[PDB]
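K.L.:
my complex, first installment, coordinates as in the assembly:
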Amino acid sequence: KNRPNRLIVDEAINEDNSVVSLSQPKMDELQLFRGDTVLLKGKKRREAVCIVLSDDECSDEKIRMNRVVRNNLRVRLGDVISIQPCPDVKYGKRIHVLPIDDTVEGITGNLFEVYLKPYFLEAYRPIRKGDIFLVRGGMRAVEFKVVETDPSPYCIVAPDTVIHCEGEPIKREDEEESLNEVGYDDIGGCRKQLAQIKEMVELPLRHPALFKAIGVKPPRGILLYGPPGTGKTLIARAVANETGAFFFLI
């Protein structure tokens, strides 16, 4: 559009899995409110709906996004997104959601009572078709994909609104990378070395054609070290998953 409405995505710090946090300036400047719901459009015509918060630390051009919704938009870390305000709360009536067969196997139990009951309890969670969300509990982290929403194609669940959980779990799609995979959110005690590794492998992997178009030396060999079981292979797979580059393991 070439006018300022696009933002750069980055890591998140909040424990809520269905919100996006933006800086107090960009909040007033984008003509938005605290708590107001919006649409986040990313790549491959896949948008979503989210809630906005305020965070002093995050900068203006930067937007906190946790891995679940960041993966939902089909975008990956370090890319650009378009935020559009939508105060059009089309309060839901019934949801048709089913789990995935891959994440749900052996799990003897009425999943409705055990997982979603405190999950959607007094939860004003907005949902749109094509959103694979997740909820944790019982030494498990279960994935749920919504197929059929009463308010088409998006809604917001009210505390009164029912949730309708009939059906068999569905086989996973070819264009969502599952969330049992590793990401930067998992690596706890190495947030400083992760800065170095991200700044080293950001440009060669995210922007490959750039180094084709420039005479400059890229970093080729990286030697991670440290005592065993510290998280080296973890960091490798995490970087591979976040930048989306193919990962061979020798």
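P.N.:
Thanks, I have the structure now. Numbers count the residues shown, from 1 in each chain, chains lettered A, B, ... in the order given.

K.L.:
so residue A:162 touches residue A:94, yeah?
P.N.:
Yes - if you go by Cβ atoms under 8 Å, residue A:162 and residue A:94 touch, sitting 5.4 Å apart. C-beta coordinates here come from the backbone N, C-alpha and C atoms, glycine included.

K.L.:
which residues are contacting the helix or strand hosting residue A:237?
P.N.:
If you go by DSSP states H and E, residue A:237 is part of helix A:232-243. Contacts to helix A:232-243, defined as Cβ atoms under 8 Å, 6 or more residues apart in numbering, come from residues A:76-78, A:177, A:181-184, A:186-187, A:190, A:193-194, A:197-198, A:201-202, A:205-206, A:224-226, A:246-247, A:249.

K.L.:
got a PyMOL select line for the buried ones in those?
P.N.:
Buried subset of these, written as a PyMOL selection, criterion 16 or more other Cβ atoms under 10 Å:
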select buried, chain A and resi 76+77+182+183+184+187+190+197+198+201+205+206
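
K.L.:
just the ones of the contacts of helix A:232-243 in helices?
P.N.:
Of the contacts of helix A:232-243, the ones assigned to helices by DSSP state H are A:193-194, A:197-198, A:201-202, A:205-206.

K.L.:
could you dump those residues into CSV and include distance to residue A:21?
P.N.:
Shown next, in CSV, are those (distance: Cβ to Cβ, whole Å):
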residue, distance to residue A:21
A:193, 25
A:194, 20
A:197, 25
A:198, 20
A:201, 26
A:202, 22
A:205, 26
A:206, 23
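
K.L.:
residue A:126: which of those residues is nearest?
P.N.:
When the ones in helices among the contacts of helix A:232-243 are ranked by distance to residue A:126 (Cβ to Cβ), residue A:206 comes first, at 29.5 Å.

K.L.:
isn't that closest one right up against residue A:75?
P.N.:
No - with contact defined as Cβ under 8 Å, residue A:206 does not count as touching residue A:75 (11.7 Å).

K.L.:
show me the strands in chain A, by range?
P.N.:
Remark: strands assigned in chain A by DSSP state E are A:6-10, A:19-22, A:37-41, A:47-54, A:62-65, A:80-85, A:95-99, A:126-128, A:132-137, A:140-149, A:154-156.

K.L.:
of all the ones you listed, which lies closest to residue A:167?
P.N.:
The closest of the strands of chain A to residue A:167 is strand A:95-99. By Cβ to Cβ, the value is 4.5 Å.

K.L.:
also put chain B in, sequence below:
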Amino acid sequence: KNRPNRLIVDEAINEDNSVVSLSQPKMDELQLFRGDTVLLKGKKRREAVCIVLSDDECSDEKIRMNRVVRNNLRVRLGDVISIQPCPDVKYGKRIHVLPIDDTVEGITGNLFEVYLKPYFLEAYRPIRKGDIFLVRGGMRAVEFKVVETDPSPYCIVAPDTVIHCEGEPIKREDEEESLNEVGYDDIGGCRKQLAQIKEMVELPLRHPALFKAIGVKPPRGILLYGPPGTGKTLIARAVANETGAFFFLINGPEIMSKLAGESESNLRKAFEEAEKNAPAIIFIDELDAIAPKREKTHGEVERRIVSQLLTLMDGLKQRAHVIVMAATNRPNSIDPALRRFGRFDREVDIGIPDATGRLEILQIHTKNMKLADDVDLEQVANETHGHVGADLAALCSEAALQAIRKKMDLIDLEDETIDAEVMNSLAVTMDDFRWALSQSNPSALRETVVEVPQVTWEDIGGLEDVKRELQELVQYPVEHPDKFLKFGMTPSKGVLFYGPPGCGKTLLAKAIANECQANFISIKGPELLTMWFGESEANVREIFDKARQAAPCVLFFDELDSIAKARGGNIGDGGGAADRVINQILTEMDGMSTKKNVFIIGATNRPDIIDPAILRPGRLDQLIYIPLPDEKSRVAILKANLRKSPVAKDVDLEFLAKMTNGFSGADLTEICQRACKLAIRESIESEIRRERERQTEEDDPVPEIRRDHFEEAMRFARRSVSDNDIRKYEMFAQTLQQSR
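P.N.:
Below is chain B, added to the chains above:
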């Protein structure tokens, strides 16, 4: 034509890529002017047009030519050229130039706007058909070939004249060697070893039929060495490209990876290939991987390949001008059977670069990076002690990547795709280099540095007679050998400075090593102690080996009494003054060459406990006593220390020298450093107080180190030598010089 109009080409020093510089004499003598354009005819009926300049250093028969125009004439380095005057400026009208597809690929952008616009801006550049020129920018160096010129066949572009850049890039020709290849212009910090290598491989490669027509021994094996990533393979390819000799490259691990018997086939066939395409140069990279020492070889498969290499080296030296240059990290890490004559007889020590060399390396790698204006590579080159060429190359690339990473990638990430525009606009600030050099590069070497120290004679206050004696002892045997031979005297090869600590012994060593422009090797106390404790005195040999490899030199052992006082002082250990290390110093000093221009200097602030078997003739025998300064010298010391720091004008140094009596030369530096500390504290505190201004950002107060700052720095003055030590030195002098 057999009359003087032909010249010898050689290297260039100017940064302009379309001119030739000639000596002021040959200028008047050839009937030419300064700036006048001429024709340069070379081989294969390919001439060019150029501009002439004046340069005092270049000699009469020699002509500065940079690699682009030198390659344009189809000639190579060391050949002869014909210069003809042509004041016929046939001022151009339109040019038809197109790039090469090889150099131009991926380069999204209007090349006309990004490269040629400031290139030909007010540029009176002469052009002729068949000229492939180049222009640098945007982390690229782009080649342009002219096909069709309005004034036929040559012209000169005026600032008014248009340049017409239509068409697709053309595929490169078979008889121009592309300029991404390496040449002598690229190698920065090895301009001295390059002289040796060029004089060694000039005649066998440039003039091959001459050695066929003469019975004389050619150099066959050359062993380049030095720490990794210093530029060995670079020098090899550079020599190969400049002399135009075929270059075969043998990689150590590559050959050593193949199966048993496949590797020897590869070596044999490689030598055959190089023999077939003579003149040739074989480069056996990482020789210490193929042929290590016999102790580290075990198993037939290794020794067999070493033997095969030996046999091939011995065989090649029958009627076959193939020079074999091999590279290794350390020379005493490879098989000693190789360094015997006929196989590897010439040895070259590349060594780590120095300050001027590092600055040159930086200029080489920032050649097309579009630096910012605040970039002062002097500071950088002064802060890169420990870096080799690979380190500096990676530093420049990392600074470039940081400049791409901060802005101009994420900023134009959302609006518009990649383009050449942003590449031109990237100015890499001095802060960026400060960051890249700050933490993100571990300097990859901590060896003994060999260089010509930057200390000069005015950096030292007082000690004039010691200066004339040092000049006499170091200079006269090299500058007037005939007097020494006539009078039969033998030139001494050693001095022993002695006196209070911190008075200028190391300063004098560096100064006299600088005045003669000879290398300097410092061997401090901790090193001798490390060789004594570790019980490895057999490293002393290696030290002297360096002094031989870098002749002329000044080998400087300071704190020579360190071992002598480590095992107790005057009484100390029950033994005598003979040590494990000092004995090796005696052995190596007695057994050096007759005159190899290596001048050993010692230093000791306790001359009574030094091993008296080193003060005997044939060894360090000139005892020079560095005394405590006087007022007329302390003034000079204070001036020489303070001349780098901005100091006020009302401060009287003569009063300081009056009050600071018997202060050793180090105390007069501690005073200045402490006063500078006080001034810096005041500056930062005033800065913070002016930052408490929140009522309204203004210029910092006058930073002249002022008086009444020394009045505080002087409060904490210490004398680092008692009168008792002065008395001891006095007694030493009195007894040893006057007793009987």
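
K.L.:
near chain B, which residues of chain A?
P.N.:
Counting by Cβ under 8 Å from any Cβ of the partner chain, chain A comes close to chain B at A:2, A:6, A:8, A:79-80, A:196, A:199, A:202-203, A:207, A:209-210, A:212-218.

K.L.:
any quick PyMOL command for the buried ones out of the residues you listed?
P.N.:
Buried residues among these (16 or more other Cβ atoms under 10 Å in any protein chain shown), as a PyMOL selection:
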select buried, chain A and resi 6+8+79+80+202+203+207+210+213+214+215+216
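
K.L.:
gap between residue A:26 and residue A:6?
P.N.:
Remark: distance between residue A:26 and residue A:6 (Cβ to Cβ, to the nearest Å) = 11 Å.

K.L.:
what about the residue of chain A positioned farthest from its centre, distance to residue B:71?
P.N.:
Outermost residue of chain A with respect to the C-alpha centroid, by Cα atoms, centre = their mean, is residue A:215; its distance is 35.1 Å. Noted for residue A:215: a distance of 20 Å to residue B:71, by Cβ to Cβ.

K.L.:
equivalent analysis for residue A:204, please.
P.N.:
Distance of residue A:204 to residue B:71, computed by Cβ to Cβ: 34 Å.

K.L.:
hmm, residue A:96 and residue A:149 touching each other?
P.N.:
Yes - using Cβ under 8 Å, residue A:149 is in contact with residue A:96, at 7.0 Å.

K.L.:
the more surrounded of these two?
P.N.:
residue A:149 (21 against 15; other Cβ atoms under 10 Å in any protein chain shown).

K.L.:
any idea what the residue lying closest to that one once chain neighbours are set aside is bridged to?
P.N.:
Once flanking residues are discounted, residue A:149 sits nearest to residue A:155: 5.4 Å by Cβ to Cβ, 6 or more residues apart in numbering or on different chains. Using DSSP bridges, the bridge partners assigned to residue A:155 are residue A:127.

K.L.:
quick one, what contacts residue A:155?
P.N.:
A:90-93, A:95, A:126-128, A:149 (Cβ atoms under 8 Å, 6 or more residues apart in numbering or on different chains).

K.L.:
what do you get for residue A:51?
P.N.:
By Cβ under 8 Å, 6+ apart, the contact set of residue A:51 is A:18-20, A:35-37, A:126.

K.L.:
same thing but at 10 Å, please
P.N.:
By Cβ atoms under 10 Å, 6 or more residues apart in numbering or on different chains, the residues touching residue A:51 are A:16, A:18-21, A:34-38, A:124-126, A:156.
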